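Basis: the model, the stated rules and, where named, an outside source; none is laboratory data. All Cβ positions, even for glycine, are placed from backbone atoms using ideal geometry, and neighbour counts span all protein chains on display.
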Amino acid sequence: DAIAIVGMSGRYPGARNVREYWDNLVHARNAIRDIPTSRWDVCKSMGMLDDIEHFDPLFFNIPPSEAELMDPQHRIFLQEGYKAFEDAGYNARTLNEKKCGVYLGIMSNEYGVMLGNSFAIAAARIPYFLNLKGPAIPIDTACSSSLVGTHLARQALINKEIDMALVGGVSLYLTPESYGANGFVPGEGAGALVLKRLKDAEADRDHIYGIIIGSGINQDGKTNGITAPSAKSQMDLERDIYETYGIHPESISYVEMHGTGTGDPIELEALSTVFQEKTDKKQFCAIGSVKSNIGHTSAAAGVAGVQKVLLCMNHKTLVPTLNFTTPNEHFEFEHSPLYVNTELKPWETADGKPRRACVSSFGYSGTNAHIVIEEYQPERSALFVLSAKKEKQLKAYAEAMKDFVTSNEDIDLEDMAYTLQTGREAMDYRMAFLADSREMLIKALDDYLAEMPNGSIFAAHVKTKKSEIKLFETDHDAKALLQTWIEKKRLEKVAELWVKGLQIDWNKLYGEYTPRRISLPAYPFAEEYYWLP
Amino acid sequence: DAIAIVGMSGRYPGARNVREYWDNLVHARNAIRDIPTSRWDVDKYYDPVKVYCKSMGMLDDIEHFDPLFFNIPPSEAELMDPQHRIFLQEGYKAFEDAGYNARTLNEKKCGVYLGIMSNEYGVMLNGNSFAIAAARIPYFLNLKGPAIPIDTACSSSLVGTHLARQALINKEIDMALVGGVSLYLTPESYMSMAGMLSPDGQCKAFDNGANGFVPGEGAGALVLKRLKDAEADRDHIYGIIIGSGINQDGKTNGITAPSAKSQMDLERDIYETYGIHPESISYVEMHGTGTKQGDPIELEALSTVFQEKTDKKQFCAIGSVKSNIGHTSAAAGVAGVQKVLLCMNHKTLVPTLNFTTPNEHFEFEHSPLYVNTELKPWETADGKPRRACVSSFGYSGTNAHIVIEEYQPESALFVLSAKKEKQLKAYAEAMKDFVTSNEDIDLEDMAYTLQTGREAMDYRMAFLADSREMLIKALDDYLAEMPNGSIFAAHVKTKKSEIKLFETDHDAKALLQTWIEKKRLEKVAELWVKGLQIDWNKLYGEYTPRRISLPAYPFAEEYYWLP
């Protein structure tokens, strides 16, 4: 039935993550810049990612020398994909042998040619690293790729062929060669979503961004030139989805258009016509395109749009679409169900109905996709733990957490700790601390970073402390003592032992109030430069 | 109310500055050496039963001075007590540490309170009065606050601190330089033993084997302000003084004996007057001279006063830097205050030395006090600032005790200059070492301090950097004389004609102002080194960086001694 989106990660022009992405959208920021000479010597504009050469190959058990031979599209998605899992609150341990499919939108080979680097391998990186067992399939339907992938993952989950799916897209523009409405400006990006059956997501107590309640794909078929759109195919696609899944156009209040700024009028007419077949209501449905902010992120276009929509729903807020002064002459808005939203405003819904939105993505090869997303409506000291594979990254992790807590005054401290305990892998470099308030939490992380002694803070490298924790691992009364500590109160003791490498049973910390996993900052990868050898 | 310490400079045995001092303390280093023959021949005075001590905490190069810097004729330098000369330098550097310069100090109501207790050089010669020693700095910098030398023996610099504090609180002065300086130049003076000195040559503070002190040399200075002014002026703040007091032993058994009752009264009265609970204090820098009858009296006194107010046991660590550097006499107080501030800044307690077995005449186990011999984190509970005390008692019976509380605060263009090229080179070396040693330095703060917190002198260099590594490389390139297109250097007296255009023309000035306005640094740099006055404030808009502690002027190391 319904598919839950339980994890997301994103890296788009002007946005290193989904929180910056949201902030940029709220403030109507445009990330399009002139192409610098460090890329190539110069349309002279692009929605660019920063530091596309950066990778943490050691994290992924990849030899540094192999990293130079990897398409950065592979490298960046590997990172974003992984972070999507961590966002959902899953780790290497909990993913091991999971029937998780990987569906990766990808549509260019630039690095391989400039020079392992097949589409087939690009999709297979994450399954190989995490020991996943669902199929790994790259999808090249051009700009519809990530949304096509979403559809396929959706169908596999519903048929119970997999129990989880990582869907995503990645697009870089590396060469000069591969490169009011007047055409589009190319964008770069990488995004991933983690999908589950809704019933599983609720039983597993995942945090849920939203649910997919309908999706479809089809073809333009014979058009006037292979890259031209078909009004009829777009209409059929949208109609068939709404009819198959019992979705009334009146229930939809936002559509993230394909909206490349070429094509535009055909898309508008199609969607308008389909809506009007079912309702007389006027100007109820806002339309936008994040391509106005970040450019045309190609294979990653679908996932960029889906993430925008989920963020909108989560904040119950509609954000401006950009570059709109006067309506396209070829379409008449006044008596349409559609209106272009250029305001930052509250996303209003009537009588506690869940917000619904659509995302469209159409490819130059004629393969179309369209999905319908519905807002999800859900029914003392804590022990904070952090770890990373190097001390430098632990420090970066602490900074990321401090920024996050500073930015989010309403964070549930118990949920956050719980996520750090159960929703992250305990790696070799460790710190832990107690806090009973936001202020104490921020102070602790500050103290850690500034190296100001603080009696609530514990840190160790696990390999150094082996002899010191053995006393607890094998003896029966030591375990009983630890269990008494963790069953339950002293937390200081649990903390000291945990940072030294002792495995803790985090479940025992909680009698019949158990907190929930929430979205937190994911691993801060080492930012090492790798390019052509 | 509270007095902020906003600048410091120190020169102690084994330590040319407070950074080396700190390093020595962290590593539990003992700086006491055998007295070399270049000072005097201990064999000509030594008798084991005449001097019975052959050790001293010595300063290096007590003869070095930069008289030209201070507008003093080189020939007058030979006639100056080196105590005067060394304090003149250390005092000046304390101001520079705080980020103040000749320009910003001119006509300031700044008092100068200098601890000093010996006349050896003046006598050797047969200008050098205590009155003149204190007045050197006011004369040089045109300060207008009273200049008073304090001789209460070993309490001198702490007595001075008390007096400066009361003057600031009464608003009689707006700044105070407090300091001490002590040298031991002759066999005769260091000699007086009077039974005071240890035959082993160690201050064994708190130890059952305590048998006298070993003499130490030193010069220190602090810059003090009212806390409210220090915050409004955006000074960097080492710590605050939240209580001080002085009193007398009065009638003792011999004028150099201590009085338990006076020490207790002193400590009690301070705590009561200023509302300070003994439980809040976690370190005390003891007078701790390692004398057999003195040590136990100090311990018992302090212990007793603490115990009047709390049953808590072994919460307060005690130490004495005299275990590291010896008994630096007039400079003892300032040496101790500087130790405590460094501890607070680093949130670290350091070892006190020479402690094997507790003094039999005092039981620690049920005391609020414990001897700290560990290098460890200085822990504080809850939000609370660390608090520490420093005690200094004199042989004449004038005592002092202060309470210090930790202060809890709420590309760049680098410029350097010196009065000679050789010193400019020394300055760059000092900055490079500093940056190398301090991997976490805020580059914007450091530049801002170099711009606004130093006098622009005649020999100049400047450069841009956006990172520590770039900064270090520039200074290396400068020192190695290896071409670097971002390094500029000039002698100002040579370049007058090349600058005049920007000083007299109206649209050249408007261009310069736009350059400083429209953010260009290379241009500002080139002009600055040639002698053009820059308005550094204009470089900063919404965000202004803060002054921080940096290495101070590296004085010329010229030798001057008896004529």
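Limited to the range B:73-111, what total is found for residues that are hydrophobic (A, V, I, L, M, F, W, C) and under 14 Å from the mean Cα position of the chain (by Cα)?
Residues that pass the stated criteria total 6.
Find the residue count for the range B:263-297, including only residues that are farther than 19 Å from B:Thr356 by Cβ and either among the charged types (D, E, K, R) or outside the structural domain of B:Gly245 (by CATH) (or both).
Residues that pass the stated criteria total 7.
Looking for whichever is closer than 22 Å to B:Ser282 by Cβ, surrounded by 24 or more Cβ atoms within 10 Å (Cβ to Cβ) and away from chain A (no Cβ under 14 Å) here; the options are B:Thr328, B:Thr352. Which one fits?
Details: B:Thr328 fails: closer than 22 Å to B:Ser282 by Cβ.
Residue meeting the stated conditions: B:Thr352.
Step by step: first the residues of the range A:419-455, then only those that are within 15 Å of A:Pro521 (Cβ to Cβ) and out of contact with any strand residue (DSSP E or B) (no Cβ under 9 Å at 6 or more places or on another chain), then the one that is farthest from the other protein chains (Cβ to nearest Cβ). Which residue is that?
The residue in question is A:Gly423.
If I ask for residues that are surrounded by fewer than 19 Cβ atoms within 10 Å (Cβ to Cβ) and part of a loop (DSSP other than H, G, I, E, B), which ones from the range A:63-82 would you list?
If the condition is that a residue be surrounded by fewer than 19 Cβ atoms within 10 Å (Cβ to Cβ) and part of a loop (DSSP other than H, G, I, E, B), then A:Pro63, A:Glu68, A:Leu69 are the ones that fit.
Give me a count of the residues in the range B:449-471 that are over 16 Å from B:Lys419 (Cα atoms) and in a helix (DSSP H, G or I).
7
Looking at the structure I just gave you, is A:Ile247 within 29 Å of the chain's Cα centre (by Cα), surrounded by fewer than 21 Cβ atoms within 10 Å (Cβ to Cβ) and of a type outside the set (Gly, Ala, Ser)?
When the stated conditions are applied, A:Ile247 passes them.
Can we say B:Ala381 is within 14 Å of another protein chain (Cβ to nearest Cβ) and either over 17 Å from the mean Cα position of the chain (by Cα) or part of a strand (DSSP E or B) (or both)?
yes
Looking only at residues in the range B:333-347 that are within 14 Å of chain A (Cβ to nearest Cβ) and assigned to a helix (DSSP H, G or I), which one is surrounded by the fewest Cβ atoms within 10 Å (Cβ to Cβ)?
Taking the candidates together, the pick is B:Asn345.
Would you mind telling me which numbered condition in (1) more than 14 Å from chain B (Cβ to nearest Cβ); (2) under 21 Å from A:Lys390 (Cα atoms); (3) of a type outside the set (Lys, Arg) A:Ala459 fails?
Single failed check for A:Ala459: (1).
Pull out all pairs, ordered by first then second residue, where Cβ-Cβ is under 7 Å, the residues are six or more apart or on different chains, the first lies in the range B:516-533 and is buried (at least 20 other Cβ atoms within 10 Å of the Cβ), and the second is small (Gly, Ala, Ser).
B:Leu521/B:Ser411; B:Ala525/B:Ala462; B:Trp528/B:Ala462; B:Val529/B:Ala462; B:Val529/B:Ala489; B:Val529/B:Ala490; B:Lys530/B:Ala490
Quick one: which of B:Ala430, B:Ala474 is assigned to a helix (DSSP H, G or I) and assigned by CATH to the domain that holds B:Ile516?
B:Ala474
Applying the selection to the range B:203-229, what residues are surrounded by fewer than 24 Cβ atoms within 10 Å (Cβ to Cβ) and either within 18 Å of the chain's Cα centre (by Cα) or among the basic types (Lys, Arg) (or both)?
Those that are surrounded by fewer than 24 Cβ atoms within 10 Å (Cβ to Cβ) and either within 18 Å of the chain's Cα centre (by Cα) or among the basic types (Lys, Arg) (or both): B:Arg226, B:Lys228.
Considering only residues of the range A:183-202 that are surrounded by 21 or more Cβ atoms within 10 Å (Cβ to Cβ) and of a type in the set (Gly, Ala, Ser), which is nearest to A:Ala153 (Cα to Cα)?
A:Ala192
Can you go through B:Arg85, B:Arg103 and tell me which one is of a type in the set (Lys, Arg) and buried (at least 23 other Cβ atoms within 10 Å of the Cβ)?
Step by step, each of B:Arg85, B:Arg103 is checked, and only B:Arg85 is of a type in the set (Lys, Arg) and buried (at least 23 other Cβ atoms within 10 Å of the Cβ).
Within 30 Å of B:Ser329 (Cβ to Cβ), within 14 Å of chain A (Cβ to nearest Cβ), crowded, with 18+ Cβ neighbours inside 10 Å and touching a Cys at 6+ places or on another chain (Cβ under 7 Å) - does that describe any residue in the range B:393-410? Can you show your working first?
Taking the range B:393-410 and keeping what is within 30 Å of B:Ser329 (Cβ to Cβ), we get B:393-407.
Those left that are additionally within 14 Å of chain A (Cβ to nearest Cβ): B:406-407.
Among the residues that remain, those that are also crowded, with 18+ Cβ neighbours inside 10 Å are: B:406-407.
Now narrow it down to the ones that are touching a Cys at 6+ places or on another chain (Cβ under 7 Å): none.
No: zero hits.
Which of the strands (runs of 3 or more DSSP E) found entirely inside the range B:99-188 contain at least 2 residues meeting this: under 30 Å from B:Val42 (Cα atoms)?
B:175-182
Which residue out of A:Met8, A:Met46 is outside any loop (DSSP other than H, G, I, E, B), over 28 Å from A:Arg517 (Cα atoms) and in contact with a strand residue (DSSP E or B) (Cβ under 6 Å, 6 or more places away or on another chain)?
A:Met46 is the lone residue from the list that is outside any loop (DSSP other than H, G, I, E, B), over 28 Å from A:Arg517 (Cα atoms) and in contact with a strand residue (DSSP E or B) (Cβ under 6 Å, 6 or more places away or on another chain).
If A:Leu237 meets every condition in (1) assigned to a loop (DSSP other than H, G, I, E, B); (2) surrounded by 23 or more Cβ atoms within 10 Å (Cβ to Cβ) apart from one, which number is that one?
(1)
If you take the residues of the range B:366-378 that are in a loop (DSSP other than H, G, I, E, B) and in contact with a strand residue (DSSP E or B) (Cβ under 9 Å, 6 or more places away or on another chain), which of them is nearest to the other protein chains (Cβ to nearest Cβ)?
Once the filter is applied, the top-ranked residue is B:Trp378.
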